[PDB]
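Laid out below as structure tokens are two forms of one and the same protein chain, each shown alone and named structure 1 and structure 2.
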Structure 1
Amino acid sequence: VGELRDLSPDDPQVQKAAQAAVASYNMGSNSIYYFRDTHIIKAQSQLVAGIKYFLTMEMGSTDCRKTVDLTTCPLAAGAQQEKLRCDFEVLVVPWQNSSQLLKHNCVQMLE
């Protein structure tokens, strides 16, 4: 992790990263219409390192609703509590306070 070098909007790798950013946004979007890149204003790149963690973990539903301390929310009880087996992929860089969830894949289990 170093400080970002400024780049040319026309840099071919910048353009590759732009196209990727658009594609993922459109997959994410809540618009029916696809979106397209017009102009690229500011482009910067940083060099980065981090650890990627690969978790397989079981999670249970608590009773608390979303509209925060999860320790104080006790799990649901019996057939009412739904359990999940999830494979997570988390990325931690030393600079960020945050860590990012990259891929997650969850599946329900039987009683």
Structure 2
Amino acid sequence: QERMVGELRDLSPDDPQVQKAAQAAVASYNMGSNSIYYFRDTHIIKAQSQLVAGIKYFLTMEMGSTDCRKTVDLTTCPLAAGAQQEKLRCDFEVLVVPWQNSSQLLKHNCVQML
């Protein structure tokens, strides 16, 4: 066949390739979001991969708003507390291809947590 569609498989949330895919998702989400502040990953809850012509990562993760405003090393950005605190739970689909340096966030659906 012409198409390459591999098996969908569970990965460890601590797989270094999941982690890189996760930082790709965060960076892209922050670029596209209307929020004043950068969000930052707090927990990878679930991770799956699928071999295509390239690799898809399907990530479920939680994010927290930071004190860092956009107007980047997120490890230096504290999670906001009290009035500015906001938590999201997101599904991300990330595309990784060996000929591109930047991994792409194909889809995302985020949801504000109480």
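Please note that residue numbering is based on structure 1, beginning with 1 at the start of its sequence. Between two forms, the rigid core is the largest collection of C-alphas that superpose within 1.5 Å.
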Is the C-alpha displacement of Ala18 equal to or greater than 2 Å between the two structures once the rigid core has been superposed? yes
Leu55: with the rigid core matched between the two structures, does its Cα shift 2 Å or more? no
Two rigid parts, one fixed on its C-alpha atoms; the other rotates between the two structures by a number of degrees, namely 176
Following rigid core superposition, Cα shift of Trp95 between the two structures in Å: 1.3
